[PDB]
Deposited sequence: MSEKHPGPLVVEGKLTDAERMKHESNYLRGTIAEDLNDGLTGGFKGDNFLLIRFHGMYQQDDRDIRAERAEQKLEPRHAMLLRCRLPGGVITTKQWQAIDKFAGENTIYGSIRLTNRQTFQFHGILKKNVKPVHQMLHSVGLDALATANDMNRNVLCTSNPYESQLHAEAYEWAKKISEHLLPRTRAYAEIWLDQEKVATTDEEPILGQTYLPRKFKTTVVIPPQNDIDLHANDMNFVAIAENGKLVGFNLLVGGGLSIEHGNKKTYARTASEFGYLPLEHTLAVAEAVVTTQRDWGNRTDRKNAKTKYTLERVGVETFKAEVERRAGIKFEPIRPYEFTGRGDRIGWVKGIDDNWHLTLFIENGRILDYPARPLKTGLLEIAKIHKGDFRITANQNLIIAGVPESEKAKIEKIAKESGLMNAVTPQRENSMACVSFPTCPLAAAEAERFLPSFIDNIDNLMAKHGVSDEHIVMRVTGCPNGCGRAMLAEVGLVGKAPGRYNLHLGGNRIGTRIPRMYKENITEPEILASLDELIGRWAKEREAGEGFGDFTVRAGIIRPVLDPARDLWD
């Protein structure tokens, strides 16, 4: 298992050129796969090239997590905040937390984020430990801490469940690392190590109680949490296209379907990104939606960068629906896959695009995700519409998440095929188009209309 460490998804153009060369010359599939934890993966490396890939990463200042004994995963950080001036400091803290957690053997892997409201692009409720940034005058002052998210479930096993993260309270910036260590060590000590399926923090919190865990974290960190400071999310999507950053700098976010970077007929995505890497003056940022930001372009350079991106297929227009859909890797490389996900999504969303046009909502979107098995890597269990692989060509259909990702969708239909999913969504999208209130999301609508019951307390009411 290769898990390249890249806190906050920030990667230099020198680093990009090295991984581009390795992917093209030293792997079966020839691709760079952006992951939804803001890093990248190679597929099909070979025995003769495993030692070369660690040397390659080292040659450009990169390292892979020692997954055999390191239970941490990549630390996420909001990639393209609306208050652009906050990114540098938030990214600095994501790096500090990432380095602080480098090798205490944990009972189960442990996932952390740094979030900048109003964007929940990093999907905080899928993670064990979340630091929600609070700022004054463009300067970070502290974090709200939320603990205990996690999406993995086992089909037919009602002792497993997806869970959102719970608010603990606010901490001043100076206590960040002490709090992070206290959460990790409390989970290390209290987690159910013997039963790996019960070992995640989400289960520990439900076993001992949120207040009990929170009080122990306060004891170990030497602090008392303050009341939560106000925050609200408005969405989870990337900002596709150009946005203005700090100074005279501009950020170009490129939609990349499934994060799969390869040269395709008439769409040389991989060569195009290499060409951009050779001239770009800043860094790249891999997003948690498997897209790529060409970050910090001076205004005078926009035309040159855009020319390469448009000619290479990296700026081919897609619907808002496609921009807000995601799938995991699944087949052909995942050994755990039950149903296709990545290879299913492009034609599935072609069909969804037709339904959206049919019902006159082609400018709208539904956060729609496909995960190839119930491990949940595609984050379908935070979607408005989630598909969870069951068997070849068959999925459980979940409805009733929301746009901002703070609610688990309940299972609506079990073990059905794509034609059955599309027939159901045709009916439901049509109802939503006609009956929605102003600005009302599809997931909120399915709950309000009584199409599906909401999940209010997943440890006790996720399963029917």
| property | result |
| --- | --- |
| Regions left out of the model, expressed as runs of the deposited sequence counted from 1 | 1-80, 184-209 |
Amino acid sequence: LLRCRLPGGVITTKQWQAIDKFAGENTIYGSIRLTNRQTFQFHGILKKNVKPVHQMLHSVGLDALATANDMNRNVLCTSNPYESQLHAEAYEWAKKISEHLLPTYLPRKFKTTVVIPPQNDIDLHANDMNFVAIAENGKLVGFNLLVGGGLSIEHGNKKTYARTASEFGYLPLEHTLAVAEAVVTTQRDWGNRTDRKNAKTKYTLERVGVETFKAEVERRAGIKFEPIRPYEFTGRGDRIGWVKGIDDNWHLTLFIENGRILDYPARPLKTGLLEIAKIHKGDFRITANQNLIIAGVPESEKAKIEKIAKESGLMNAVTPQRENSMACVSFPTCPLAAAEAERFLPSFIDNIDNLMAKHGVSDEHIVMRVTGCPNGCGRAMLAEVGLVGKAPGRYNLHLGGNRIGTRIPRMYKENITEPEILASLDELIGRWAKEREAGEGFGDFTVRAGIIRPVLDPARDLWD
From here on, numbers count along this sequence of modelled residues.
query	finding
Segment of higher mean CA temperature factor, 252-260 or 79-87	79-87
Residue stretch of maximal mean CA temperature factor, 91-99 vs 372-380	91-99
Which of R37, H58, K413, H43 ranks first by CA B-factor in the deposited coordinates	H58
Which of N130, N354, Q119, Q187 ranks first by CA B-factor in the deposited coordinates	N354
B-factor third for the C-alpha atom of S152 within its chain	lowest
Lowest, middle or highest third - CA B-factor, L422	middle
Record-listed C-alpha B factor of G393: chain third	middle
Chain third (lowest, middle, highest) by recorded CA B-factor, residue given as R285	lowest
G9 by Cα B-factor - lowest, middle or highest third of the modelled chain	lowest
